[PDB]
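Structure file input02.pdb with PDB, C-alpha atoms:
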MODEL        1
ATOM      1  CA  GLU A   1      -5.736  -5.420  19.066  1.00  0.00           C
ATOM      2  CA  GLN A   2      -8.425  -2.731  19.144  1.00  0.00           C
ATOM      3  CA  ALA A   3      -7.856  -0.132  16.428  1.00  0.00           C
ATOM      4  CA  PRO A   4      -9.913   1.996  13.968  1.00  0.00           C
ATOM      5  CA  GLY A   5      -9.543  -0.402  11.051  1.00  0.00           C
ATOM      6  CA  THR A   6      -6.380  -2.435  10.426  1.00  0.00           C
ATOM      7  CA  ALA A   7      -7.352  -5.792   8.934  1.00  0.00           C
ATOM      8  CA  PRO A   8      -5.483  -9.144   8.765  1.00  0.00           C
ATOM      9  CA  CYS A   9      -4.383  -8.573   5.163  1.00  0.00           C
ATOM     10  CA  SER A  10      -7.437  -9.114   2.955  1.00  0.00           C
ATOM     11  CA  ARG A  11      -8.165  -7.917  -0.582  1.00  0.00           C
ATOM     12  CA  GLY A  12      -5.259  -5.713  -1.618  1.00  0.00           C
ATOM     13  CA  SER A  13      -3.542  -4.285   1.456  1.00  0.00           C
ATOM     14  CA  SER A  14       0.238  -4.503   1.799  1.00  0.00           C
ATOM     15  CA  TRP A  15       2.778  -6.261   4.021  1.00  0.00           C
ATOM     16  CA  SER A  16       5.272  -4.408   6.219  1.00  0.00           C
ATOM     17  CA  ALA A  17       8.874  -5.421   6.896  1.00  0.00           C
ATOM     18  CA  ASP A  18       9.677  -2.397   9.069  1.00  0.00           C
ATOM     19  CA  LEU A  19       7.755  -4.084  11.886  1.00  0.00           C
ATOM     20  CA  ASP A  20       6.714  -7.390  10.286  1.00  0.00           C
ATOM     21  CA  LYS A  21       2.962  -6.841  10.021  1.00  0.00           C
ATOM     22  CA  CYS A  22       0.252  -6.517   7.372  1.00  0.00           C
ATOM     23  CA  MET A  23      -1.751  -3.335   6.811  1.00  0.00           C
ATOM     24  CA  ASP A  24      -4.446  -2.219   4.372  1.00  0.00           C
ATOM     25  CA  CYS A  25      -3.962   0.695   1.974  1.00  0.00           C
ATOM     26  CA  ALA A  26      -6.605   2.790   3.752  1.00  0.00           C
ATOM     27  CA  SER A  27      -4.023   4.747   5.747  1.00  0.00           C
ATOM     28  CA  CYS A  28      -1.493   6.217   3.319  1.00  0.00           C
ATOM     29  CA  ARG A  29      -3.308   8.487   0.863  1.00  0.00           C
ATOM     30  CA  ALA A  30      -1.332  11.590   1.852  1.00  0.00           C
ATOM     31  CA  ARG A  31       1.000  10.746   4.739  1.00  0.00           C
ATOM     32  CA  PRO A  32       3.794   8.455   3.428  1.00  0.00           C
ATOM     33  CA  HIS A  33       5.293   6.843   6.531  1.00  0.00           C
ATOM     34  CA  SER A  34       5.124   3.047   6.359  1.00  0.00           C
ATOM     35  CA  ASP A  35       6.703   0.094   4.559  1.00  0.00           C
ATOM     36  CA  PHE A  36       3.327  -1.273   3.456  1.00  0.00           C
ATOM     37  CA  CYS A  37       2.866   2.037   1.629  1.00  0.00           C
ATOM     38  CA  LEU A  38       5.854   1.338  -0.615  1.00  0.00           C
ATOM     39  CA  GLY A  39       4.069  -1.752  -1.893  1.00  0.00           C
ATOM     40  CA  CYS A  40       0.740  -0.017  -2.451  1.00  0.00           C
ATOM     41  CA  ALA A  41       2.059   3.217  -3.954  1.00  0.00           C
ATOM     42  CA  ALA A  42       4.124   3.462  -7.143  1.00  0.00           C
ATOM     43  CA  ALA A  43       1.088   2.086  -9.000  1.00  0.00           C
ATOM     44  CA  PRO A  44       1.445  -1.741  -8.969  1.00  0.00           C
ATOM     45  CA  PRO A  45      -0.039  -2.043 -12.504  1.00  0.00           C
ATOM     46  CA  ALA A  46       1.136  -0.369 -15.709  1.00  0.00           C
ATOM     47  CA  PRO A  47      -0.150   0.441 -19.239  1.00  0.00           C
ATOM     48  CA  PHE A  48       0.865  -1.497 -22.350  1.00  0.00           C
ATOM     49  CA  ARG A  49       3.927   0.633 -23.093  1.00  0.00           C
ATOM     50  CA  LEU A  50       3.574   4.323 -22.235  1.00  0.00           C
ATOM     51  CA  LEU A  51       1.331   7.380 -22.552  1.00  0.00           C
ATOM     52  CA  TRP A  52       1.696  11.110 -23.201  1.00  0.00           C
ATOM     53  CA  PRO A  53       0.482  13.102 -20.147  1.00  0.00           C
TER      54      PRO A  53
ENDMDL
END

Take the structure in the file and write it out as structure tokens.
Amino acid sequence: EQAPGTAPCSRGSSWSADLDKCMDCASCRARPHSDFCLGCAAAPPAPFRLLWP
């Protein structure tokens, strides 16, 4: 129960099937090791068509 953060899925966040549990996105900005990260990463949104980096 007690943990530095971890909220009950509120505003954004991402679900996790690996262990059936929700988890915010404030714990995967460098260390990719969680199912909930797959939902947050990969940029959910997208431009109109495409851009030229």

I'd like the interatomic distance between atom CA of residue 39 of chain A and atom CA of residue 2 of chain A, to a tenth of an Å.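 Rounded to one decimal, the two atoms are 24.5 Å apart.
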
For the structure shown, which residues end up in the PyMOL selection byres ((chain A and resi 29-36) around 10)? Put them as a short mmCIF file (atom, residue, chain, number, x, y, z; two decimals) with C-alpha atoms, keeping the file's coordinate frame, please?
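Everything below was put into result_2.cif:
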data_model
loop_
_atom_site.label_atom_id
_atom_site.label_comp_id
_atom_site.auth_asym_id
_atom_site.auth_seq_id
_atom_site.Cartn_x
_atom_site.Cartn_y
_atom_site.Cartn_z
CA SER A 13 -3.54 -4.28 1.46
CA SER A 14 0.24 -4.50 1.80
CA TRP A 15 2.78 -6.26 4.02
CA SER A 16 5.27 -4.41 6.22
CA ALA A 17 8.87 -5.42 6.90
CA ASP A 18 9.68 -2.40 9.07
CA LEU A 19 7.76 -4.08 11.89
CA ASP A 20 6.71 -7.39 10.29
CA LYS A 21 2.96 -6.84 10.02
CA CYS A 22 0.25 -6.52 7.37
CA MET A 23 -1.75 -3.34 6.81
CA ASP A 24 -4.45 -2.22 4.37
CA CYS A 25 -3.96 0.70 1.97
CA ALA A 26 -6.60 2.79 3.75
CA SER A 27 -4.02 4.75 5.75
CA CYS A 28 -1.49 6.22 3.32
CA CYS A 37 2.87 2.04 1.63
CA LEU A 38 5.85 1.34 -0.62
CA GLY A 39 4.07 -1.75 -1.89
CA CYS A 40 0.74 -0.02 -2.45
CA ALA A 41 2.06 3.22 -3.95
#

Emit as lines of an AutoDock Vina configuration file the padded axis-aligned box for all listed atoms of segment 5-21 of chain A, 5 Å per side, with centre and edge lengths in Å to one decimal.
center_x = 0.1
center_y = -4.8
center_z = 5.1
size_x = 29.2
size_y = 18.7
size_z = 23.5

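Counting from atom CA of residue 43 of chain A, the distance to atom CA of residue 11 of chain A is 16.0 Å.
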
For atom CA of residue 44 of chain A and atom CA of residue 6 of chain A, quote the distance in Å rounded to one decimal.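 Going from atom CA of residue 44 of chain A over to atom CA of residue 6 of chain A, I get 20.9 Å.
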